[PDB]
Structures are given as C-alpha cells and as structure tokens.
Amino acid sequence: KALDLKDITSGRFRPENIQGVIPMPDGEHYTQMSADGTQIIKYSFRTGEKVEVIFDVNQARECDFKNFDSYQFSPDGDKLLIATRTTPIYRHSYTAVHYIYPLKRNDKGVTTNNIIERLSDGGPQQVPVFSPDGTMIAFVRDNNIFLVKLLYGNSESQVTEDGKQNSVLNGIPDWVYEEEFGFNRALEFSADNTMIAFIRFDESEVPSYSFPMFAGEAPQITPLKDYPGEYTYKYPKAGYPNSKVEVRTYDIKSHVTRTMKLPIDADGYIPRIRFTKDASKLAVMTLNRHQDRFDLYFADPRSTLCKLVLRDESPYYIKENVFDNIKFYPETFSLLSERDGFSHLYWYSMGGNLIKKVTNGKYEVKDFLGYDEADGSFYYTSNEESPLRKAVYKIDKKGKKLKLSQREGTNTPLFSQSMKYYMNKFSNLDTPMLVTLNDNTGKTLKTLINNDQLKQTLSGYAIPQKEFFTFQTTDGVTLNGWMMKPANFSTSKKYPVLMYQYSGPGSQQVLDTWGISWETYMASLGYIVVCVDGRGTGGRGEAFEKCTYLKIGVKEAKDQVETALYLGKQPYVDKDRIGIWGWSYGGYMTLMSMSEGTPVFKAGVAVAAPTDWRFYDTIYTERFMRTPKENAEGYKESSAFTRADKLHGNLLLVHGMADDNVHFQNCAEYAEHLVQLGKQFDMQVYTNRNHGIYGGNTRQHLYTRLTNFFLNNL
C-alpha cells in the first residue's frame, strides 16, 4: 500500500518501453536491440511480427566484444555500424569503438554468421557518419577528421591535422555549442560522395575553466586517492569570447581543403552545416551574436562562394529548435519559424522563394516529421488541442488536415523511411505507456506495449492523482498547473503545499503525461503538491514566452508568488506552510521567488541553481539577456544577488561540485553573499557530481534530504 521512495529512485515503476528502435532503410521494417544487448532483431512495421535476428554477438565471426550500445545502418541497409565501449564526454558527445558488420546472407540462409570488421586501427572514435552511397565513413578522433574507404578494404586517411585539445576542433562542436545549439557533429558528406565539409572551431582564445576532482565513490577515481586532480575545458561565460568558426571542405579525390567565403560577423555563430540534395550546395546556418537574425546560406564546396538564401529575423531571438527541422528535398526545403508569433511550418523552394505556409493558427508546431514525396503530404506534431497535449497531424498536397493520433494526451511518433507506417508512444495522466504501430492515416495496426503489469502493481499502492487546473493572476493572465492531493483528501482539513517548477524560457512541466516522482511521494506523505508554468513558459506563443527578454526571472518569480497567493486563498491550504523547489533554472527560480519581496514561502530548495547570469555560458544567457556590457541593468535586476536581503524562508542549497554546466561557483559565491548578509541557510554539496547529481546511492541520498528538509521546515 504505502509508496516507498526507494522504489521510485530505483525506477521500479518505470514503464516498460522499446529502446534502441532504428527504422530500416526499406521503409517497411524497424529494428531493435535485445534486452541482453546481444542482438539486433528486425521486426515489421505493418504487423509487429519478428522477422529475424540480423545480428548476434554469439554468432558473428571475429567478434571479440559481447555487448554493444548502439548501432546505425548504411543508407542502403547492407552494412551496420555498431558502437561499443561508449564513453561520455559531455551530454551529447561520446567516444566509442565501432565495428562494420555486413548483412550478406550466407549458405545457410542467415545474416548472423559474418565477419566483423573494425572501423579503425587507432583508438576510439567520435560521430562516425556514412556517405550517401554507403561506401565511406568519416569520424573524428583527437579533434581531427578521418576517412575510411570501405570499397578499399577500409583504407583510412587523415583529413585534418590541426586539432588540439582546448585549441582547435575539427568536425565536432566545442562545449557551449554542443549544449546550447544541440548537436554533436558538424561533419557532412556531399550529395554525390565527392566532398566532405566541416566546421572548424578555434577555441584557443576562449577562457579556460577548471574544477577539482577527488577520488569520490561510484565511480572511485583511484589515482586521486591521496592527491586530488582537476578537469580543464574551455567554457565562455557571458560576454566573453566565443569560438572562432569556419566552414571548410575537403576534395576527396584531390586531397584539397578550401575555406568557404562566408560573410558573417566576427562574433557570429554557425550552428549547423547540412549538405543539400544538390551536391554543389551546402547549407550553412548562421546567427548574429544577438541570435535574432537567422541567415541561411548556400555555399559551393569548390568555388567557396556563398549566396544568402533566406533570413528569418525576430524581434527577440531565434530558438535552437528550428535548425534541425530544416530537411532538404530534391526541389525544396522545410523550415520552422515563429515569424507570425507562433511556431509554424514553411515550405520553400531550392531557390529561396517561399512556396507554402503549411500550418497557421494560435498553436505551436513542435516537430516536422517529414514530407512524403509520393502523395504530396506533410507530417508534423503539434499542440493544437491543448498546450498540455501533443498530437500527430497530416496535411495533404490539397491542404486538407487530419489528426492521426487516436487518443488525447502526449503522442510521440517514429516514422518509417518511406513514411508509410509509424510507431507511436502514447501517455497521459492515467496511461503510463501505450506503444502501437499505425499507418499513415493513424489507424492502429497493433498494440506493442500496453503496460498491464505496471498498473496492476500500482493498483496495490495508494498513489496520489494529478489533476490539471487554471487560474487568473491579479493582472489578468490565465496560468496552467497541476495539483496532486494526498489520498485521504478533505477540504475541511488544512494542508501544507510543495510547489515544484522549472520556469525556464520556453519550457513546459505541466503536460498531459505520466510520471510517479519524488513529488508523488511527498503527496503520499500528506502534502498538496502544485506546479504552475507561468510567464516565459512555452507552448503558448512567442508573446507568452518572450515577455522576459532582457530581464529574466523577474516575471517568473512574480507568477510563482501569484501561485502561492491563489493557493493561500483556498480554505484547505495553510498559508504558513508553502514551500517551493526546483532544479537548474528551477533552483534559480526558488531563489528569485523566495526573495521576491512578498513573504509567502516558508522553505525552499535550490538544486544546481545559477545565481547570477554572468557566471553562466554565452549562448543560452546571451540569447535571452544579451551581453553584460549591453544590458547591465538587466543583469542587475535578473540576478539573485541583487534581491538576496529580501530572502524570506529557510533555504537549502544543493549543488554538485563537478557541475560543468551551472558551475559550483554559483553556489559558492551566493552562499558567501548570504553569509555576509547574515542569512542562515543549509547546504548539501556532492562530491564529483555533475548537473545530474547521480551516482550510486546519490539520488536516494538527495531525495531523502529534500524530504527531511521539508518535513522539518514544513
């Protein structure tokens, strides 16, 4: 009956789901890895049937490993690139040891008895990518680009020789690009398999940041058992210099390198490079440093000449979302733009002239899934039904629209190569996970996972239920939230409240989807738990989110206080016992709200909080606030330091000391400012821990601390 935190932090209630699902190039099958990690099995999109195991560790020849982590197909589906020994660097980048496995069928009718081959004789590799004809793979190692010709007995050549750690990176983004522009690779083949193009990052003039490493446990870093070590990398703080970037091309046949004559600002960005279906046109997406002039260029890989193709200006800032929704077809490309105050899908010609605006209306397109070149149709995801919901929609050449999703809540799709079939994951507040196959009309072909077992297990526990709600601020805005009530609820009783939030620009934590979390536990202990996404939050247009431009956190704090006051109006809430917490931007938000000047909170917890935006990185910070030189007062009014003396309530700072995102510096400096103000607070710092704050019993330790802190300060 009773909910145990250990089961939660353990992931005991984690819904079953298929992992490692990769669409085959055929358009009719998908593959998934086995639970063991010993096999890649090919299943069918139309029926869900298993077809055969295409790869097996205990069946290959020359296969030394016995587990692999991930894999991709060659464009035509006869080779596999299988990744082993995957080792994280940052959130998106990793090294791995890759093997090429051919899928030819042998004299017994199977594909599983073939000879594995190594991608490279040297050390582990990064971001390997097939050429369009499947005959070549480029990867990056030690900040240099290497090319393997598979038609030449995997002949390896070195395409770049300038890379150095903390100086020059070839093909892979630096730290801040990788995190805030969302990518791990800037390395492309041309349509005709004759050129390679890549971004080159001179980061040598970027500041260096370092933090201590100890031995710690889980993992224990044994060489540091007596004397500590450190981590050193380039990380540009707000207003400081970013990497100098250039786009270069390598003529495979002639071994020649060229530098595209790209007329961008000295301090500009080059978030992506993507080769088009034109082998003589390479798309280069550029931003100005204000990040509000998206300039898409087409560059000629030989002439080095670049022609401006499109510009999307915003009165605020372009968002990273947009770049990867730009898919290139033989005659056209796609684009996601908020130019009309909402995220919508524009269809453009390869000459730069608009063709069609495919969507419109007061709602947000979230993803562009693809364009079916057979029936003229567009497939995308959207929140048209509710901001809290996501569904899958089709629009045909004639402009008729059809909602493919069959249930209401959150729908996440994965289409086949041909776009004939797709695999849907559905969830909502009551449905943990419904995985199905579906056709292009959305008709259900088969239910793959339905999670009977989890529900039955849950049916024996007293789980508090979330219900959405809405309320109106004092100046007239309607905000969405959810409330979880303890299981013997009674509006004659008076309850404490824990508010959770994130509140970061463009984010949403109030969604019609399913989770049991630490907040579920708190409610099972007798706490009303609320969450309200306020101003600056996503899903409701550019206006709702970008009201915070140049002065962030202020309006978010005012709406968190608004939520506290609305709840204090309810007869069943005890206004002297509201607490607030959050993580990342949310920890910042706990700070801002608790020191907003209106003394409505009794306790709060700030986990890995930025405290003054001059400590955080260029791309994210500047997108919203500009440089400190240009926006001094905004920095002043957006800083937790400025309003610290008005802090009211008891605080718990929680930070990991090996946080390479929000630096521990934030916590150190803010804590010292609170010590000089004379404010009493509490601390919990975790050794060798990152932004995630995980490792062994770390998370159970952490959530037990939060539970104790709020039980004691109420």
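Don't overthink the numbering: it's just position in the shown sequence, from 1.
- Relative to its counterpart among 41 to 49 and 672 to 680, 41 to 49 has the higher mean temperature factor, C-alpha atoms as listed in the PDB entry.
- A summary of the deposited B-factors shows that, of 120 to 128 and 234 to 242, the stretch with the larger mean C-alpha value is 120 to 128.
- In the deposited coordinates, the residue among 109, 481, 539, 610 with the greatest CA B-factor is 109.
- Going by the entry's values, 400 shows the largest Cα B-factor out of 344, 546, 643, 400.
- When the CA B factors of the chain's modelled residues are split into thirds, the value for residue 476 lands in the highest one.
- In the deposited entry, the Cα temperature factor of residue 178 sits in the bottom third of values across the chain's modelled residues.
- In this PDB entry, the Cα temperature factor of residue 707 sits in the bottom third of its chain's modelled residues, the lowest group.
- Ranked against the other modelled residues of its chain, the C-alpha B-factor of residue 696 as given in the entry falls in the lowest third.
- Ranked by C-alpha B-factor against the other modelled residues of its chain, residue 274 falls in the lowest third.
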